[PDB]
Structures are given as C-alpha cells and as structure tokens.
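Read through the structure below, which is laid out as structure tokens, and then see the notes.
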Number of protein chains: 2
Amino acid sequence: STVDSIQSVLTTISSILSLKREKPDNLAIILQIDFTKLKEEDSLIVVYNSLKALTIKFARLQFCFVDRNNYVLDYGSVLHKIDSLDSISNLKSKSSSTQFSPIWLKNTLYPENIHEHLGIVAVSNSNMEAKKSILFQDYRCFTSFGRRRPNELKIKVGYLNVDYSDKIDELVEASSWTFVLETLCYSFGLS
Amino acid sequence: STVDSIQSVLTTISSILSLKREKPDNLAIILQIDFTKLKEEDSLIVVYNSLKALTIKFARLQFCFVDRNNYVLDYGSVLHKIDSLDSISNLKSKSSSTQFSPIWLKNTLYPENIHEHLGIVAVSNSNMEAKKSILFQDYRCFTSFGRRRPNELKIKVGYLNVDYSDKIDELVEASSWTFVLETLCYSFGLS
C-alpha cells in the first residue's frame, strides 16, 4: 500500500510517457466502469472534466464506455457527443447487447483504417474475470506497419492481490478514476 | 534517449521495488556478459564491488556468469568464490560446454529446493537472439507455492530499438552495468 502508493505514480508516470513518445495524433479512451464500485460518485464528474480537457490537445478525441460485463454503452467523439454530465451519468441505466472488442472498436471507430498515430487507453475498475475485463483483451488489431505492438495503455483502477502477468502485459494499477484521468491530463500539459 | 534516461530510472527504481516487496531472504544474480560490448572495462570493477557489497545484506548471495552464447562460465557464492577482480576478469578467457537455463541453475543452486524467499536478477548486455539471451528464458521453474510467477528482475544493459513485449515480460532497460548494479545496492541501503 505504501508501496502501492509509490508504484502507482512511478508506473503511471512511466507508462503514460511511453504513450507520449509514439507521438499520438489522436487518442481513443475506453473506460470500463462498474458504477457500484465507485467509492464516491463525484469520481464521475472528474471523468467528464478529464475527457473534455483532453480535447484541447486532441479535438478528435474518441471514447468508448463499456459496462462491467463487457457491453458497449456508448462511443464516439468526446468533443461532440459529451455535453451533459448526464451524458456520462445516464449510461448507468442504459441497456445493450453488443459485446466489446478491439476489432469491433477498430471497425467502428476506423472503417477506412488508421493512417495517423493512435494511442489506445484502456481503463477499467471492474472485476478481473478474463471474459468481461477489457484489459484482458488483444488490442494488436491496432498494430501499425513497422511497430509489432500497438500504442496501448492499460490501467486498472483499484489495486490487485492477484498476478495476471502472463495474460495481461504491462498493466498499471492506480486507485482512482481521479488519479488516472487527472495524471493523464497533466501529462499533456493540460490544466 | 532523454526519454530513455527518464524511464531507466523510473522503471529500474520501480521494478527493483517489486523485487524488494516479496522480501527476499536471498538473491541470485545471473550476469550475462558480452565483454566486447563494454564501453570501458572499469565497468567490470563496479560489478566486482557491487557483488561483494550486496553480501552485506545477503551473505548467501549467489551469482552466475553466463557468456554471450549462453554458456555458464561460473557460479556459486559471491561471498566465498569471488576474491580477486581477476575472479570476474579471467572468465573472459574461460571455455565451457554447459548451456544455461533456469532449471539448470535451480537444480545447481538448490538441489533440495527453495524454502526461503529468493529473488532472481537477470542482467545481460548481449544481443537479443532468443536462443542466446538469458532474458528470453522461462524462470517460472522458480515459482513458489502461492505465487504464480517468480520474484524475477530482468534488466537489459544497452537500450533497444526493438519490442520483445510478447516474448519477454517487464524487461528493464538501463545503460550501464554501472547504473544497474549501483542502483541495486542503493536500493538495499547499501553504501
């Protein structure tokens, strides 16, 4: 926990720096939320602010809200599709029959493919059942010609007592949607 | 490179901290050396000092020198088997027909098994051909009951332009046998 403290920043800072060196022209943020896991819900008001904030640097900022069972709740442009906090809030009470996957996301966000530099950020606070977690998934359908892996950042909100080092790969562990998204903003010189 | 600077410390510090939280009772340091890659050979005098230094905290400190083709050059107790710097130096000119592997090392260092807490440190500056590199190997023959992976630290001396994220796993990249071993000493409160 003290050690969980230190590595959160050390690892969050370090991996976000990896995201940055590939020089993304855009970012796609997939957020998988177990709403009944939020300590305080004013953790959802930081998400909103963080998201809009990121669109100062990335106007074409893309987002995707998955639920705790891996069902897509929404997606599209943060800039144009997120006006209220209701915007984020309402999805709590939103039904869906579409399972998430990178290859869905890719097909859905980029029909004509990817020519720009894209960075993928996967953040989830839901339980680590392999079939439901977005972190456990294979984002390599996003690999560019001449990289052998994508520019993928995978963060887990809420510390783990279990090792998934074989199944997942350079996963980060922080304690808040608040530490994560905010750090992510600081990292781009954002407010 | 500036970024290679920052992540070296950030990642070295962070992963060495992981080594530390498992609370090792002992350490085994495998050092794979391409001697014709050393910029300055007084990089071999730090190895010597670093090794002896570590035996202040770990008297039962075990070491293993592999060569650039994955042949064991020597092994045993740092404390009792390393007197000269010749000790380390001579192995330059030492022949061998034993390929290295964890399972050899395990069998050789621990015939009766492992009951203590052991930390494994693999440091290599040799080229990344999978069959010759010690970092590319599977150290899980060292996993304890109730951990699902070993306490393994794998450091690569000399930065890489290539991604081996699938084959190797939470590899660290530093620039010196000097930064690495010294940091490793600082980490245990050593001089």
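Please note that chains go A, B, ... in the order of the structure tokens, that every chain numbers its residues from 1, and that ligands are numbered from 1 in the order shown.
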
What residues in chain B lie within 9 Å of chain A, counting only C-alpha atoms, written as JSON, numbers by chain? {"B": [3, 6, 7, 10, 11, 13, 14, 15, 17, 18, 21, 147, 148, 149, 162, 163, 164, 165, 166, 169, 170]}

Keeping only N, CA, C and O atoms, write the selected residues to a file as a JSON list (two decimals), in the first residue's frame.
[["chain", "number", "residue", "atom", "x", "y", "z"],
["B", 3, "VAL", "N", 14.15, 10.42, -23.05],
["B", 3, "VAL", "CA", 13.08, 9.58, -22.55],
["B", 3, "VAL", "C", 13.66, 8.25, -22.09],
["B", 3, "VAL", "O", 13.22, 7.68, -21.10],
["B", 6, "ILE", "N", 14.91, 8.98, -18.56],
["B", 6, "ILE", "CA", 13.92, 9.07, -17.51],
["B", 6, "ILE", "C", 13.34, 7.68, -17.18],
["B", 6, "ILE", "O", 13.29, 7.30, -16.01],
["B", 7, "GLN", "N", 12.94, 6.92, -18.19],
["B", 7, "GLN", "CA", 12.34, 5.61, -17.90],
["B", 7, "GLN", "C", 13.34, 4.62, -17.28],
["B", 7, "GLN", "O", 12.95, 3.74, -16.51],
["B", 10, "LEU", "N", 13.03, 5.64, -13.66],
["B", 10, "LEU", "CA", 11.65, 5.36, -13.28],
["B", 10, "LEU", "C", 11.30, 3.88, -13.24],
["B", 10, "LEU", "O", 10.66, 3.42, -12.30],
["B", 11, "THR", "N", 11.69, 3.15, -14.28],
["B", 11, "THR", "CA", 11.43, 1.72, -14.35],
["B", 11, "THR", "C", 12.39, 0.88, -13.51],
["B", 11, "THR", "O", 11.97, -0.06, -12.84],
["B", 13, "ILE", "N", 13.93, 1.83, -10.79],
["B", 13, "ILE", "CA", 13.56, 2.07, -9.40],
["B", 13, "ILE", "C", 12.33, 1.28, -9.02],
["B", 13, "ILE", "O", 12.23, 0.72, -7.93],
["B", 14, "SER", "N", 11.39, 1.23, -9.96],
["B", 14, "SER", "CA", 10.06, 0.73, -9.69],
["B", 14, "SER", "C", 10.09, -0.78, -9.62],
["B", 14, "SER", "O", 9.57, -1.37, -8.68],
["B", 15, "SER", "N", 10.72, -1.41, -10.61],
["B", 15, "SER", "CA", 10.85, -2.87, -10.63],
["B", 15, "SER", "C", 11.75, -3.41, -9.50],
["B", 15, "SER", "O", 11.44, -4.43, -8.90],
["B", 17, "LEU", "N", 11.81, -2.24, -6.80],
["B", 17, "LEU", "CA", 10.96, -2.11, -5.62],
["B", 17, "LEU", "C", 10.04, -3.32, -5.47],
["B", 17, "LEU", "O", 9.74, -3.76, -4.35],
["B", 18, "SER", "N", 9.62, -3.85, -6.62],
["B", 18, "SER", "CA", 8.89, -5.10, -6.68],
["B", 18, "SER", "C", 9.70, -6.26, -6.13],
["B", 18, "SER", "O", 9.20, -7.06, -5.33],
["B", 21, "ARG", "N", 9.59, -5.98, -2.30],
["B", 21, "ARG", "CA", 8.38, -6.23, -1.52],
["B", 21, "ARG", "C", 8.13, -7.70, -1.22],
["B", 21, "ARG", "O", 7.55, -8.04, -0.19],
["B", 147, "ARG", "N", 2.40, -17.93, -5.00],
["B", 147, "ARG", "CA", 2.72, -17.08, -6.14],
["B", 147, "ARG", "C", 2.54, -17.84, -7.47],
["B", 147, "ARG", "O", 2.75, -19.04, -7.54],
["B", 148, "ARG", "N", 2.14, -17.14, -8.52],
["B", 148, "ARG", "CA", 2.01, -17.77, -9.82],
["B", 148, "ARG", "C", 3.12, -17.36, -10.79],
["B", 148, "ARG", "O", 3.12, -17.75, -11.97],
["B", 149, "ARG", "N", 4.06, -16.56, -10.29],
["B", 149, "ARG", "CA", 5.25, -16.19, -11.04],
["B", 149, "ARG", "C", 6.37, -16.01, -10.03],
["B", 149, "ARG", "O", 6.10, -15.78, -8.85],
["B", 162, "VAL", "N", 14.06, -2.39, -30.54],
["B", 162, "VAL", "CA", 13.11, -3.45, -30.88],
["B", 162, "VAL", "C", 12.20, -3.86, -29.70],
["B", 162, "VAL", "O", 12.62, -3.83, -28.54],
["B", 163, "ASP", "N", 10.95, -4.23, -30.01],
["B", 163, "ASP", "CA", 9.94, -4.57, -29.00],
["B", 163, "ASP", "C", 9.84, -6.10, -28.85],
["B", 163, "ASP", "O", 9.53, -6.82, -29.81],
["B", 164, "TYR", "N", 10.09, -6.59, -27.64],
["B", 164, "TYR", "CA", 10.01, -8.02, -27.37],
["B", 164, "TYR", "C", 8.95, -8.28, -26.29],
["B", 164, "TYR", "O", 9.06, -9.23, -25.52],
["B", 165, "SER", "N", 7.93, -7.42, -26.26],
["B", 165, "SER", "CA", 6.93, -7.42, -25.19],
["B", 165, "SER", "C", 6.15, -8.74, -25.05],
["B", 165, "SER", "O", 5.68, -9.08, -23.95],
["B", 166, "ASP", "N", 6.00, -9.47, -26.15],
["B", 166, "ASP", "CA", 5.34, -10.77, -26.09],
["B", 166, "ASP", "C", 6.27, -11.86, -25.55],
["B", 166, "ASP", "O", 5.89, -12.63, -24.66],
["B", 169, "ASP", "N", 9.05, -9.92, -20.65],
["B", 169, "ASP", "CA", 7.91, -9.53, -19.84],
["B", 169, "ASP", "C", 8.14, -8.57, -18.73],
["B", 169, "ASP", "O", 8.20, -8.96, -17.62],
["B", 170, "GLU", "N", 8.19, -7.29, -18.96],
["B", 170, "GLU", "CA", 8.52, -6.46, -17.85],
["B", 170, "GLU", "C", 10.01, -6.65, -17.74],
["B", 170, "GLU", "O", 10.55, -7.02, -16.73]]

Got a sec: who's within 10 Å of segment 25-28 of chain A, counting only C-alpha atoms, leaving out chain neighbours fewer than 3 positions off, as a PDB file with N, CA, C and O atoms, in the first residue's frame?
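selection.pdb written:
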ATOM      1  N   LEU A  19       3.244   6.108 -23.929  1.00  0.00           N
ATOM      2  CA  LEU A  19       2.147   6.576 -24.777  1.00  0.00           C
ATOM      3  C   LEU A  19       2.588   7.825 -25.544  1.00  0.00           C
ATOM      4  O   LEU A  19       2.386   7.939 -26.762  1.00  0.00           O
ATOM      5  N   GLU A  22       5.443   7.744 -28.727  1.00  0.00           N
ATOM      6  CA  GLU A  22       4.955   7.366 -30.037  1.00  0.00           C
ATOM      7  C   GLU A  22       4.309   8.555 -30.746  1.00  0.00           C
ATOM      8  O   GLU A  22       3.942   8.467 -31.915  1.00  0.00           O
ATOM      9  N   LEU A  31     -13.288   3.222 -21.420  1.00  0.00           N
ATOM     10  CA  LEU A  31     -13.498   3.287 -19.983  1.00  0.00           C
ATOM     11  C   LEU A  31     -14.498   2.233 -19.562  1.00  0.00           C
ATOM     12  O   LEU A  31     -15.670   2.348 -19.876  1.00  0.00           O
ATOM     13  N   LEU A  54      -8.955  16.769 -22.256  1.00  0.00           N
ATOM     14  CA  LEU A  54      -8.146  16.122 -23.282  1.00  0.00           C
ATOM     15  C   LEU A  54      -8.424  16.616 -24.734  1.00  0.00           C
ATOM     16  O   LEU A  54      -7.554  16.563 -25.614  1.00  0.00           O
ATOM     17  N   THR A  55      -9.639  17.090 -24.991  1.00  0.00           N
ATOM     18  CA  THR A  55      -9.991  17.558 -26.330  1.00  0.00           C
ATOM     19  C   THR A  55      -9.380  18.920 -26.651  1.00  0.00           C
ATOM     20  O   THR A  55      -9.607  19.471 -27.725  1.00  0.00           O
ATOM     21  N   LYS A  57      -6.070  19.228 -26.591  1.00  0.00           N
ATOM     22  CA  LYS A  57      -4.953  18.721 -27.369  1.00  0.00           C
ATOM     23  C   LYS A  57      -5.464  17.808 -28.492  1.00  0.00           C
ATOM     24  O   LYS A  57      -5.036  17.918 -29.639  1.00  0.00           O
ATOM     25  N   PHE A  58      -6.397  16.919 -28.169  1.00  0.00           N
ATOM     26  CA  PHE A  58      -6.947  16.029 -29.181  1.00  0.00           C
ATOM     27  C   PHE A  58      -8.412  16.331 -29.473  1.00  0.00           C
ATOM     28  O   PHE A  58      -9.298  15.773 -28.820  1.00  0.00           O
ATOM     29  N   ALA A  59      -8.672  17.199 -30.450  1.00  0.00           N
ATOM     30  CA  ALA A  59     -10.044  17.530 -30.842  1.00  0.00           C
ATOM     31  C   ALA A  59     -10.828  16.310 -31.336  1.00  0.00           C
ATOM     32  O   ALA A  59     -12.053  16.222 -31.163  1.00  0.00           O
ATOM     33  N   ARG A  60     -10.122  15.369 -31.951  1.00  0.00           N
ATOM     34  CA  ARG A  60     -10.773  14.194 -32.495  1.00  0.00           C
ATOM     35  C   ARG A  60     -10.813  13.071 -31.465  1.00  0.00           C
ATOM     36  O   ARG A  60     -10.876  11.892 -31.812  1.00  0.00           O
ATOM     37  N   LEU A  61     -10.795  13.457 -30.192  1.00  0.00           N
ATOM     38  CA  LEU A  61     -10.746  12.512 -29.082  1.00  0.00           C
ATOM     39  C   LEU A  61     -11.917  11.528 -29.116  1.00  0.00           C
ATOM     40  O   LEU A  61     -13.087  11.922 -29.118  1.00  0.00           O
ATOM     41  N   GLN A  62     -11.593  10.243 -29.135  1.00  0.00           N
ATOM     42  CA  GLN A  62     -12.619   9.220 -29.200  1.00  0.00           C
ATOM     43  C   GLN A  62     -12.706   8.497 -27.868  1.00  0.00           C
ATOM     44  O   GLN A  62     -11.707   8.316 -27.188  1.00  0.00           O
ATOM     45  N   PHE A  63     -13.917   8.091 -27.503  1.00  0.00           N
ATOM     46  CA  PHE A  63     -14.168   7.472 -26.216  1.00  0.00           C
ATOM     47  C   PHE A  63     -15.043   6.289 -26.454  1.00  0.00           C
ATOM     48  O   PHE A  63     -15.712   6.212 -27.478  1.00  0.00           O
ATOM     49  N   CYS A  64     -15.031   5.372 -25.496  1.00  0.00           N
ATOM     50  CA  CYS A  64     -15.904   4.210 -25.507  1.00  0.00           C
ATOM     51  C   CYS A  64     -16.165   3.726 -24.074  1.00  0.00           C
ATOM     52  O   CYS A  64     -15.236   3.377 -23.342  1.00  0.00           O
ATOM     53  N   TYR A  75     -20.057   5.422 -27.420  1.00  0.00           N
ATOM     54  CA  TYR A  75     -18.786   5.661 -28.052  1.00  0.00           C
ATOM     55  C   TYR A  75     -18.931   6.817 -29.013  1.00  0.00           C
ATOM     56  O   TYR A  75     -20.040   7.283 -29.275  1.00  0.00           O
ATOM     57  N   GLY A  76     -17.808   7.276 -29.549  1.00  0.00           N
ATOM     58  CA  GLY A  76     -17.838   8.382 -30.486  1.00  0.00           C
ATOM     59  C   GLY A  76     -16.887   9.478 -30.076  1.00  0.00           C
ATOM     60  O   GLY A  76     -15.885   9.213 -29.420  1.00  0.00           O
ATOM     61  N   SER A  77     -17.204  10.709 -30.456  1.00  0.00           N
ATOM     62  CA  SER A  77     -16.326  11.829 -30.163  1.00  0.00           C
ATOM     63  C   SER A  77     -16.629  12.464 -28.819  1.00  0.00           C
ATOM     64  O   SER A  77     -17.718  12.997 -28.609  1.00  0.00           O
ATOM     65  N   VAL A  78     -15.664  12.426 -27.909  1.00  0.00           N
ATOM     66  CA  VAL A  78     -15.801  13.179 -26.668  1.00  0.00           C
ATOM     67  C   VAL A  78     -16.268  14.613 -26.949  1.00  0.00           C
ATOM     68  O   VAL A  78     -17.182  15.128 -26.299  1.00  0.00           O
ATOM     69  N   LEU A 105     -14.195  -2.158 -32.039  1.00  0.00           N
ATOM     70  CA  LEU A 105     -13.853  -0.758 -31.818  1.00  0.00           C
ATOM     71  C   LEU A 105     -13.134  -0.199 -33.021  1.00  0.00           C
ATOM     72  O   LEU A 105     -13.451   0.902 -33.498  1.00  0.00           O
ATOM     73  N   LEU A 109     -14.659   2.673 -34.972  1.00  0.00           N
ATOM     74  CA  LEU A 109     -14.034   3.993 -34.948  1.00  0.00           C
ATOM     75  C   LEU A 109     -13.322   4.317 -36.270  1.00  0.00           C
ATOM     76  O   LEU A 109     -13.306   5.472 -36.699  1.00  0.00           O
ATOM     77  N   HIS A 115      -4.345   5.720 -40.399  1.00  0.00           N
ATOM     78  CA  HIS A 115      -3.125   6.229 -41.014  1.00  0.00           C
ATOM     79  C   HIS A 115      -2.389   7.148 -40.047  1.00  0.00           C
ATOM     80  O   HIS A 115      -1.168   7.227 -40.063  1.00  0.00           O
ATOM     81  N   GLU A 116      -3.128   7.819 -39.178  1.00  0.00           N
ATOM     82  CA  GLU A 116      -2.495   8.637 -38.158  1.00  0.00           C
ATOM     83  C   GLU A 116      -1.815   7.799 -37.083  1.00  0.00           C
ATOM     84  O   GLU A 116      -1.853   6.562 -37.118  1.00  0.00           O
ATOM     85  N   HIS A 117      -1.181   8.488 -36.136  1.00  0.00           N
ATOM     86  CA  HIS A 117      -0.714   7.861 -34.904  1.00  0.00           C
ATOM     87  C   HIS A 117      -1.848   7.813 -33.880  1.00  0.00           C
ATOM     88  O   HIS A 117      -2.365   8.851 -33.457  1.00  0.00           O
ATOM     89  N   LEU A 118      -2.228   6.615 -33.465  1.00  0.00           N
ATOM     90  CA  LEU A 118      -3.283   6.498 -32.474  1.00  0.00           C
ATOM     91  C   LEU A 118      -2.739   5.915 -31.195  1.00  0.00           C
ATOM     92  O   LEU A 118      -1.957   4.971 -31.218  1.00  0.00           O
ATOM     93  N   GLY A 119      -3.160   6.471 -30.073  1.00  0.00           N
ATOM     94  CA  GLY A 119      -2.855   5.859 -28.803  1.00  0.00           C
ATOM     95  C   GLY A 119      -4.123   5.315 -28.200  1.00  0.00           C
ATOM     96  O   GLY A 119      -5.146   6.008 -28.188  1.00  0.00           O
ATOM     97  N   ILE A 120      -4.055   4.079 -27.712  1.00  0.00           N
ATOM     98  CA  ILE A 120      -5.190   3.441 -27.037  1.00  0.00           C
ATOM     99  C   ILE A 120      -5.033   3.386 -25.512  1.00  0.00           C
ATOM    100  O   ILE A 120      -4.038   2.884 -24.990  1.00  0.00           O
ATOM    101  N   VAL A 121      -6.025   3.913 -24.804  1.00  0.00           N
ATOM    102  CA  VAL A 121      -6.014   3.905 -23.349  1.00  0.00           C
ATOM    103  C   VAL A 121      -7.186   3.074 -22.846  1.00  0.00           C
ATOM    104  O   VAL A 121      -8.342   3.407 -23.067  1.00  0.00           O
ATOM    105  N   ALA A 122      -6.882   1.975 -22.183  1.00  0.00           N
ATOM    106  CA  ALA A 122      -7.913   1.132 -21.626  1.00  0.00           C
ATOM    107  C   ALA A 122      -7.870   1.262 -20.105  1.00  0.00           C
ATOM    108  O   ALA A 122      -6.879   0.905 -19.476  1.00  0.00           O
ATOM    109  N   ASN A 151       0.170   1.149 -29.592  1.00  0.00           N
ATOM    110  CA  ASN A 151       0.454   2.143 -28.574  1.00  0.00           C
ATOM    111  C   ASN A 151      -0.670   2.001 -27.576  1.00  0.00           C
ATOM    112  O   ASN A 151      -1.606   2.791 -27.597  1.00  0.00           O
ATOM    113  N   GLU A 152      -0.619   0.971 -26.735  1.00  0.00           N
ATOM    114  CA  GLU A 152      -1.722   0.713 -25.802  1.00  0.00           C
ATOM    115  C   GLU A 152      -1.359   0.949 -24.349  1.00  0.00           C
ATOM    116  O   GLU A 152      -0.368   0.414 -23.862  1.00  0.00           O
TER     117      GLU A 152
END

Enumerate the residues of segment 99-142 of chain A with a DSSP assignment of strand (DSSP E), computed from the backbone, and present them as a PyMOL selection string. chain A and resi 118-124

The distance between atom CA of residue 133 of chain B and atom CA of residue 86 of chain B is 24.6 Å

So, counting only C-alpha atoms, which residue among B:112, B:74, B:129, B:83 is closest to residue 29 of chain B? B:74

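The interatomic distance for the pair atom CA of residue 72 of chain A and atom CA of residue 183 of chain A works out to 25.1 Å.
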
Enter the distance from atom CA of residue 167 of chain B to atom CA of residue 156 of chain A, in Å, rounded to one decimal.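 A separation of 22.8 Å between them.
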
Would you mind listing what lies within 7 Å of residue 132 of chain A as JSON, numbers by chain, with only C-alpha atoms counted and same-chain residues fewer than 5 positions away left out? {"A": [68, 69, 70]}

Using C-alpha atoms, can you write the selected residues to a file as a short mmCIF file (atom, residue, chain, number, x, y, z; two decimals), in the first residue's frame?
data_model
loop_
_atom_site.label_atom_id
_atom_site.label_comp_id
_atom_site.auth_asym_id
_atom_site.auth_seq_id
_atom_site.Cartn_x
_atom_site.Cartn_y
_atom_site.Cartn_z
CA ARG A 68 -18.81 -4.30 -16.16
CA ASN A 69 -20.00 -7.23 -18.31
CA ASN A 70 -18.18 -6.02 -21.42
#

Using only C-alpha atoms, find the one residue out of A:191, A:35, A:114, A:136 that sits nearest to residue 93 of chain A. A:35

So that I can check the secondary structure, give me every residue of chain A assigned alpha helix (DSSP H) by backbone DSSP, as number ranges by chain. A: 2-21, 44-54, 78-81, 86-90, 102-109, 177-186

Shell around residue 182 of chain A at 10 Å using only C-alpha atoms, local window under 6 positions removed, as a PyMOL selection string: chain A and resi 46-47+49-51+53-54+176+190-191

Dump of N, CA, C and O atoms for the selected residues, as a PDB file, in the first residue's frame:
ATOM      1  N   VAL A  46     -15.105  13.947 -12.482  1.00  0.00           N
ATOM      2  CA  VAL A  46     -13.728  14.095 -12.952  1.00  0.00           C
ATOM      3  C   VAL A  46     -13.480  13.459 -14.319  1.00  0.00           C
ATOM      4  O   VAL A  46     -12.767  14.006 -15.165  1.00  0.00           O
ATOM      5  N   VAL A  47     -14.070  12.288 -14.517  1.00  0.00           N
ATOM      6  CA  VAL A  47     -14.114  11.666 -15.819  1.00  0.00           C
ATOM      7  C   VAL A  47     -14.589  12.703 -16.828  1.00  0.00           C
ATOM      8  O   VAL A  47     -13.885  13.021 -17.780  1.00  0.00           O
ATOM      9  N   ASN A  49     -14.840  15.953 -16.732  1.00  0.00           N
ATOM     10  CA  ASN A  49     -13.922  17.066 -16.908  1.00  0.00           C
ATOM     11  C   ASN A  49     -12.650  16.653 -17.607  1.00  0.00           C
ATOM     12  O   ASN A  49     -12.153  17.372 -18.464  1.00  0.00           O
ATOM     13  N   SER A  50     -12.113  15.504 -17.219  1.00  0.00           N
ATOM     14  CA  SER A  50     -10.884  14.997 -17.804  1.00  0.00           C
ATOM     15  C   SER A  50     -11.032  14.794 -19.304  1.00  0.00           C
ATOM     16  O   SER A  50     -10.169  15.183 -20.102  1.00  0.00           O
ATOM     17  N   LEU A  51     -12.140  14.170 -19.679  1.00  0.00           N
ATOM     18  CA  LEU A  51     -12.430  13.897 -21.074  1.00  0.00           C
ATOM     19  C   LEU A  51     -12.465  15.160 -21.930  1.00  0.00           C
ATOM     20  O   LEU A  51     -11.738  15.260 -22.927  1.00  0.00           O
ATOM     21  N   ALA A  53     -11.319  18.073 -21.182  1.00  0.00           N
ATOM     22  CA  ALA A  53      -9.987  18.656 -21.105  1.00  0.00           C
ATOM     23  C   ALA A  53      -9.055  18.095 -22.186  1.00  0.00           C
ATOM     24  O   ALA A  53      -8.442  18.851 -22.947  1.00  0.00           O
ATOM     25  N   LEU A  54      -8.955  16.769 -22.256  1.00  0.00           N
ATOM     26  CA  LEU A  54      -8.146  16.122 -23.282  1.00  0.00           C
ATOM     27  C   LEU A  54      -8.424  16.616 -24.734  1.00  0.00           C
ATOM     28  O   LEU A  54      -7.554  16.563 -25.614  1.00  0.00           O
ATOM     29  N   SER A 176      -7.780   5.541  -8.383  1.00  0.00           N
ATOM     30  CA  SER A 176      -8.905   6.418  -8.689  1.00  0.00           C
ATOM     31  C   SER A 176      -9.063   6.632 -10.180  1.00  0.00           C
ATOM     32  O   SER A 176      -8.097   6.593 -10.932  1.00  0.00           O
ATOM     33  N   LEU A 190      -1.979  19.767 -20.054  1.00  0.00           N
ATOM     34  CA  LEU A 190      -3.336  20.246 -19.817  1.00  0.00           C
ATOM     35  C   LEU A 190      -3.467  20.869 -18.432  1.00  0.00           C
ATOM     36  O   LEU A 190      -2.671  20.588 -17.536  1.00  0.00           O
ATOM     37  N   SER A 191      -4.477  21.718 -18.263  1.00  0.00           N
ATOM     38  CA  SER A 191      -4.714  22.382 -16.987  1.00  0.00           C
ATOM     39  C   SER A 191      -4.396  21.457 -15.816  1.00  0.00           C
ATOM     40  O   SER A 191      -4.290  21.902 -14.674  1.00  0.00           O
TER      41      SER A 191
END

Extract, using only C-alpha atoms, all DNA, RNA and protein residues at most 10 Å from residue 95 of chain B, discarding same-chain residues fewer than 6 positions from it, and format them as a ChimeraX atom specification. /B:67,71-73

Quick one: residues within 10 Å of residue 160 of chain A, only C-alpha atoms counted, chain neighbours fewer than 5 positions away excluded, as a PyMOL selection string? chain A and resi 4+127-128+173-174
